[PDB]
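Worksheet: one structure, shown below.
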Ligand SMILES: CC(=O)O[C@H]1C(=O)[C@@]2(C)[C@H]([C@H](OC(=O)c3ccccc3)[C@]3(O)C[C@H](OC(=O)[C@H](O)[C@@H](NC(=O)c4ccccc4)c4ccccc4)C(C)=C1C3(C)C)[C@]1(OC(C)=O)CO[C@@H]1C[C@@H]2O
Ligand SMILES: Nc1nc2c(ncn2[C@@H]2O[C@H](COP(=O)(O)OP(=O)(O)OP(=O)(O)O)[C@@H](O)[C@H]2O)c(=O)[nH]1
Ligand SMILES: Nc1nc2c(ncn2[C@@H]2O[C@H](COP(=O)(O)OP(=O)(O)OP(=O)(O)O)[C@@H](O)[C@H]2O)c(=O)[nH]1
Ligand SMILES: Nc1ncnc2c1ncn2[C@@H]1O[C@H](COP(=O)(O)OP(=O)(O)NP(=O)(O)O)[C@@H](O)[C@H]1O
Ligand SMILES: Nc1nc2c(ncn2[C@@H]2O[C@H](COP(=O)(O)OP(=O)(O)O)[C@@H](O)[C@H]2O)c(=O)[nH]1
Ligand SMILES: [Mg+2]
Ligand SMILES: [Mg+2]
Ligand SMILES: [Mg+2]
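Protein chains in written order, with full-length UniProt numbering: chain U, 4 to 389; chain H, 1 to 440; chain P, 1 to 451; chain R, 1 to 432.
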């Protein structure tokens, strides 16, 4: 399965209105076209994705993309895959002012909610409706931020100490002491969310009134327990849902950064450049052997140059079904930066997922052998040979 | 008056400035301490020429210059050397480390906190002027300071002053020899500065001057001192029309008018003909025809480019010495008779000439021989694109793998800022390959 | 600064202590009465080294030692001998009968009424020390006191102190010759406390040292004094790194870290290479390579066991005198090429090196030649198990018929605290067999698959 | 001003330090008592890099000495230059690490690290504009590895902008002095690969081979090895202290040498070495310096550069020489040996020239290479590590001090990742 890719355009901001600008991006169906303000009517480019989203014009319903539309398009399928048993992940991307946060968080106070609370709503409704005497669910949450190559917990109370990152030899990288908390209702997780979003570190720039200074990841552990005490086993399925709100690419001459802000921007840019290299290299690695010869050339991908890539190594490649949501600025001023985002979005589409559903090996083998033996015994008994 | 302000940035600029100011002081009769005994022995004249020296009440002559660098180890040699009493004490070191061959450090993080002092000193220097004509900026590509800080300074100068001419004397990277691994990034990132804010950029190459020293001057093991002396001679030959009398004088605006057909092609080459040792100064007439033919030799160019592969768009010749216009008009004809030198179709004239009476001086301990006729040529041609193209290839080989990029990103620069610059450079190349296409 | 208490128990321990303290006094220039005129002649120095001696106001030095026994006959020789004024009067003798080659009497019928006083004196000595390194217990298997009282003392010390190191230097029964009939019972009953509580135990044999004295020093009729002198040289080479300056220094804990792989196999053998008479001290170079080669010769071992029948788990070389690391590296390199010496595959390095500048001293009236370089080698190997097996056979031949058992049970011992010890010993004999086996061929199943 | 703080840890680092301050003192002109008795006027112009001033015109070295055994402190004090260092900087304890990494890193060093950091803060506060740190230690021991990596982590946490260097004496292939070298080396490299900007790989076997085959000594001792290491140490930093034609701060070397963050392991070299009796036959000039400098038997890391590819190399010359000759020689050594240089870096030689040579020499050169062959060294340690971790050879000494097997496993995994990273560029082809 390929890494799914969604693209969305936001409307103009006051910064793009005080300094006059024009709309450069168009789209039809799943295809998006980029025009060149600097050399117009020379080489308009086009790129094909899984989803394109025109949220420029709210008053008109002509191919308008609401939050519920994007959610029903990708988050519903991700939650369905999670209910099947997969571990799933959809992470944002874009430049400072692309609306990556407006897409993954949205505004709780309005009906235009992001793709994090609507999943939570759908998950809680599904488990509440599907709960029975022989069906139960256990849901736990965690939320961590990466400020400058240090992991901080938002759910925990004030704990100044930074958290250490370890590598379980079988399970891969993880964080130690990440405050994982169980939830039983919508209101509980919502209060946890309010605390987490309030704890996140933000700062004001010339490009955005309230910008983010840290990457942020929301992890939900979902446990399906089928309780037929006579026949079945409990804790049947375990799944991981993770949504990522990356920090925006900083430009310096067009943000006004200075002092501490400049250092934060430099760290953010280093992390994003490492992520981009990982994306391109991974896409090359999965594209080549699949069609070249199948030789499995041992060019290995390197996630150790940043804690972001290290933590998200499973989601980038391996046992996870993953998708991207690139936010774009329509103004001509950002034409270069926007174009880069589009290119990276294209590099995300070629990446392949290697995801499986697995359980305890003894249970799986015993059940399969029992099914095979039952079929063979039924065939033998039906013919009088047993 | 006719006055210029010199700005030297980085180690290369500072050392070239040392050589240049040694030459000017020897030319005008100013002692290293600033006093001029010629005034008290003569009692007249204008040997305190205002083009480079400002006179105080006591009789001292302070030069119009601003030295800049981001480390103390180079400029301190000036502060404790032979010329310590000539310059003003304000020499504008940053009391920190250097840019470490990094454009981002020299343009965004460390390049600031000294730009304001430099601008204040330049403003003070220009306030004393009464007819300032232009600026002379000396720097070197491939260095963090000479690229980044020069870019910042050029932006600020263009904003502040605007109309004054801004010439450039720069050291382009060589095709083969090099002294840093990340030269192409620093050289490509500064195309915007030399292309947008500069008015006429002259370039030289270390390999070409090494070959000239090896062949013409018979120096087997040259060092940077000889290179600096040669560049100083060329700058003096350019500027001499402002200071001394002559039969035909050429101002800086005339150079810009005749060497720059369109705004974006202000990248001429420079050559200096009678480079010859004292032993070989005999056995040769060194007449006008010999020296003016020497300029067109491919082997005597100061950048490793072959003029035969392109077309000559403009040419400016500056003679210093016992030259009479008759001999000049006759050579311009012979070189127009020769077929190996190609001129574009839309420039039927081609040549500008200027003559000055003051012959070149000799630096004690130098390697050039005393001579009575010299000529400096500045030629706008299409061959320079060759020297660009090679560099672009090198850039690609390092940018495909994002080598040495995290150093630049960690200091405040964005990744896309690389690629954008490259496109600009390509566009520049494209325009020097469509001003020659014969007209139809 | 780096103190070590020495505890001597039994006749063997006391006599080895006499030899050791003679050597130390000769080494540091302390007269038998405790005074040090060399310091007065020099006018000041650090010769009153705190590793073994404690200084008082008047300049007298008292050793850090604790002598213990139940027979007054042995300690009374010291109390009226040449060193009567060196030791503190507290010599901790039990003015009663002796254990009489009986483990039970030494342990918990006569070992009581004297253990408390010994522990009090050891407490005072340890309180005097401003930073301890460990203990050095000298005892002998076979004897009643050196087994039972040693077991009780180690038990109490492990309870009280715990973390501090505890080393042993013990006389194991010889394969053929012996001076007692009920030796195997005592040795087997001692092995449990030797195993659980001690941290690193060295063993020596009288027969091997007799053979060494005969072949090398050309003494046809040796006595216990020569053997005690050799053991004293071994212990001095062990502890030399704490006292004198050297290029590479090895602390007591470094031995434990580099020499014992697992907690239960801490039974290395010891060797001293340049043992040679004064007459034969000439006609020979005695270079570093020669002594290093001699350390591995099976004939020079101080325990009657063949290293060729096992494998070297680890080694530790301590050099003293004019040695330069280059020759040591060359020696180790040439040893690593020989095929007779075998190393377990899971210890590719298998060598520890230590160099000290002070050369060994000569005791007046001794039998060792004055030399300029010396080496002491400690090898943790699997051959030693063979020795134990021999002794084990003897035990069975006496326990089938319950011979000499009523003496043990008559002093408050259950019959089944015997067989128990045997089983413990058997378990140990299993482990040395298990560790020495090469790793099974491709220990992690089989490899080789798609990339 | 560009001021450096020096730290020394363990016996090896302490002794190497001693001989570094005997080579940097003579070059500037400092008496053992701390007074100045030099001749030239350029010796005091940049003395503040490595020396603080004291009221009696005295100069104290800006250093810090660390150990967990008083013996090495006593040896240094009872020496020719024992009285030059500040007494308050002699930080030490008792009951040393015992060749155990856990004791140095967790149990024993955790108490002394606070005092050492207090001294470091006091020393760094007095500086005008701090350039970076440098630390000397051996990876085979307990005290060195443990406290060195702990201090590196703490200092990098507190001073993130500054450049950090290390000079590591690393386990030899055949030569071995301790039995548990692989565990300590692996656990220390696991931290070194993360919390440093440059690392220089020293190996004892290479130094012994140089002393035998090049210097023709009969009885080398540790003093000669310290001599060579000190010469390289001074040559690296020569450009901060004396003027020249081309200059190279430590940061410039770091920028030009490190293409990607996890590749900062270097092979050092020095020239000329002549053996005291063949100088009358050997000429001295730039080509012969380059010839000895690029030779394989000169390198101090015991890794053959011909088994891989030079990522990037750097040469710092000291003396009065022409620039054309230097550039021509570097171009020639590039072109003749093009098989051993990576193809996607067009020019991978950094050049610097300083005017003042050493006192008794007319010319000298130092070499900092970055090549893939270093991977070989790590493989050796890795193999040995496996041979002792498959069966828990000496594990209970470590776990007894508050550690677990997961740390060992992840430490091995990180080194294997580093080896795979270095290998990726080693093989030919690759190209565009
Ligand atoms: C007659 C003559 O030419 O004397 C030379 C000499 O013969 C040679 C052999 C010297 C000599 O070096 C050695 O023999 C040597 C032995 C072991 C380890 C290192 C060196 C010399 O000792 C070393 C000494 O070096 C210096 O004087 C430098 O200043 C040197 N100084 C020290 O290292 C130093 C050591 C202790 C105390 C004070 C200073 C130095 C080198 C690099 C950076 C800083 C300082 C020199 C030129 C020589 C002798 C005296 C024979 C050489 O040493 C170096 C590294 O320069 C060996 O390679 C050079 C080549 C020289 O020709
Ligand atoms: N012709 C000539 N070129 C020089 C001279 N000195 C340095 N250069 C050139 O300068 C380039 C190196 O960059 P530099 O200008 O020295 O760097 P910088 O100006 O000191 O700035 P930083 O790197 O931050 O120190 C080399 O490629 C040299 O060719 C000189 O004296 N004469
Ligand atoms: N090497 C050596 N061994 C000795 C020496 N003295 C006694 N032994 C050994 O010790 C054994 C006897 O045990 P001891 O501990 O001396 O007996 P004890 O100390 O008198 O205690 P009891 O058994 O209660 O009498 C003998 O078999 C000897 O082999 C000695 O001086 N040197
Ligand atoms: N499509 C949209 N519709 C309505 N409001 C939007 C939209 N996009 C952005 N905004 C508002 O404008 C601001 C910019 O969006 P935001 O999501 O903060 O950018 P970002 O991609 O997160 N980059 P950063 O500011 O660095 O976090 C937000 O505060 C939104 O409230
Ligand atoms: N170059 C050099 N190496 C040394 C010296 N002394 C010891 N070593 C090396 O250091 C290693 C032992 O490390 P050690 O100093 O004990 O580390 P520590 O115990 O943590 O201080 C051995 O492998 C030796 O090769 C010396 O003077 N010079
Ligand atoms: Mg955001
Ligand atoms: Mg510079
Ligand atoms: Mg007795």
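Just so you know, even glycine gets a beta-carbon here, dropped at the ideal spot from N, CA and C.
The alpha carbon of residue 27/R has as its nearest neighbour, out of 44/R, 58/R, 98/R, the alpha carbon of 44/R.
Going by beta carbons, residue 52/U and residue 12/U fall outside the 8 Å limit. With respect to the C-alpha of residue 359/R, the residue from 430/R, 394/R, 35/R, 234/R having the closest C-alpha is 234/R.
Counting only runs of 4 or more residues that sit fully inside the stretch 71-101 of chain U, the alpha helix (DSSP H) segments are 79-87, in chain order. Assignment of residue 137/R by DSSP, reduced to helix, strand and coil, places it in the strand class. In terms of Cβ geometry, residue 140/R and residue 205/R do not form a close pair [threshold 8 Å]. In chain order, 169, 270 place their CB closer than 6 Å to the CB of residue 202/H, counting only its own chain and leaving out the 5 sequence neighbours on each side. Annotation note: the stretch 215-272 of chain H contains the following uninterrupted alpha helix (DSSP H) runs of length 4 or greater, listed N- to C-terminal: 224-243, 252-259.
If only complete runs of 4 or more residues are kept, the stretch 42-107 of chain H shows the alpha helix (DSSP H) at 75-79, in order along the chain.
Along the stretch 409-426 of chain H, the positions whose C-beta sits under 9 Å from a C-beta of chain U are 409, 410, 411, 412, 413, 414, 415, 416, 417, 419, 420, read in chain order. By the neighbour-count criterion, in which a residue is buried when 16 or more other Cβ atoms sit within 10 angstroms of its Cβ, residue 11/H is buried. Neighbours of residue 379/P in chain R, taken as residues whose beta carbon is under 9 Å from its own, are absent, since the nearest beta carbon is some 12 Å off.
For residue 159/H, none of the residues of chain U pass the 8 Å Cβ criterion, the least Cβ distance being about 14 Å. Here DSSP, grouped into helix, strand and coil, assigns residue 168/P to strand. Taking a beta-carbon distance threshold of 8 Å, residue 398/H counts as an interface residue toward chain R. The alpha-carbon separation between residue 309/P and residue 429/P amounts to approximately 15 Å. Put simply, the stretch 92-107 of chain U touches the stretch 322-332 of chain U. At least three CB pairs are less than 8 Å apart. With contacts defined by Cβ atoms closer than 8 Å, residue 355/P and residue 248/P form a contacting pair. For residue 315/H, the enclosing beta strand (DSSP E) starts and ends at 312-321. When CB distances to chain P are screened at a threshold of 7 Å, the residues of the stretch 158-184 of chain R falling below it are 174, 175, 176, 177, 178, 179, 180, 181, in chain order. For residue 361/R, the secondary structure class from DSSP, reduced to helix, strand or coil, is coil. Residue 404/H has its alpha-carbon roughly 26 Å from the corresponding atom of residue 202/R. The straight-line gap separating the alpha-carbon atoms of residue 177/R and residue 325/P is approximately 10 Å. When C-beta distances to chain H are compared with 7 Å, the residues of the UniProt domain "Tubulin/FtsZ 2-layer sandwich" (246-383) of chain R below that value are 246, 247, 249, 251, 252, 255, 256, 259, 261, 312, 322, 323, 324, 325, 327, 331, 344, 345, 346, 347, 348, 350, 351, in chain order.
The way I'd put it, the stretch 408-421 of chain H does touch the stretch 264-277 of chain U; three or more beta-carbon pairs between them come closer than 8 Å. Every unbroken stretch of the beta strand (DSSP E) spanning 3 or more residues and falling wholly within the stretch 306-386 of chain H is given here in chain order: 312-321, 351-356, 373-381.
Per the Cβ contact rule, the stretch 169-182 of chain U is not in contact with the stretch 297-305 of chain U (fewer than 3 Cβ pairs under 8 Å).
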